[PDB]
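Enquirer:
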Amino acid sequence: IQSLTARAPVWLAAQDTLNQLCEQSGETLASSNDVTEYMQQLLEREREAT
Amino acid sequence: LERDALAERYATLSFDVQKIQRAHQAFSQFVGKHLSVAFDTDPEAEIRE
Numbered sequence: 594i595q596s597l598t599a600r601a602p603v604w605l606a607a608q609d610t611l612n613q614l615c616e617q618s619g620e621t622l623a624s625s626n627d628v629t630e631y632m633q634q635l636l637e638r639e640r641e642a643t
Numbered sequence: 792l793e794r795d796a797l798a799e800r801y802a803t804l805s806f807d808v809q810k811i812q813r814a815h816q817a818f819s820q821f822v823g824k825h826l827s828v829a830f831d832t833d834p835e836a837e838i839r840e
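Same order as they appear, the protein sequences are chains Z and H.
In the UniProt record's numbering, each number is its position in the first sequence, counted from 1, plus 593.
In the UniProt record's numbering, each number is its position in the second sequence, counted from 1, plus 791.
Here it is, written out as structure tokens:
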């Protein structure tokens, strides 16, 4: 419990900002692999834009 | 004869462009598959310990 308690807010904060970041992107992020996929899509878009 | 060297230099530049493009694409694919565990601690040492 203590461990979970120690990790309790950290997870929540992790979600909280994540949500905003997830909201900052039109696409909704649901998995760390999906997060990397969205990242690399963004990298490709940036490369094309430049 | 003159244009021979021009074509050689153009081919070298084109190959450089292709190499840089392929390196960038490989890095993109990497980060797509890779960032989740990049730079994390080594498990093997922990498992042996």
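Think of the CB as a built atom: it goes at the ideal place given N, C-alpha and C, for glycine as much as any other residue.
Measure the C-alpha to C-alpha separation of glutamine 613/Z and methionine 632/Z and round it to an integer number of angstroms.
Expert: Answer to the nearest angstrom: the Cα atoms are 16 Å apart.
Enquirer: For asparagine 612/Z, go through chain H and note every residue whose CB falls closer than 8 Å to its CB, in chain order.
Expert: Under the 8 Å cutoff, chain H gives no residues; its nearest Cβ is about 19 Å from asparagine 612/Z.
Enquirer: Under 8 Å, Cβ to Cβ, is there at least one residue of chain Z near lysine 824/H?
Expert: Yes, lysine 824/H counts as interfacial toward chain Z.
Enquirer: Whole-angstrom Cβ separation of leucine 797/H and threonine 629/Z, contact assumed at under 8 Å?
Expert: Not really, about 43 Å apart at Cβ, beyond 8 Å.
Enquirer: Could you tell me whether the region 815-832 of chain H touches the region 636-643 of chain Z, using the rule of 3 or more Cβ pairs below 8 Å?
Expert: yes
Enquirer: Just how far apart, CA to CA, sit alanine 606/Z and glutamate 616/Z?
Expert: 15 Å
Enquirer: Hey, could you find the ends of the alpha helix (DSSP H) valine 628/Z is sitting in?
Expert: Looking at the DSSP string, the run of the alpha helix (DSSP H) that includes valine 628/Z is 625-642.
Enquirer: Please report the distance separating the alpha-carbon of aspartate 627/Z from that of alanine 601/Z.
Expert: Going by the C-alpha atoms only, they are around 24 Å apart.
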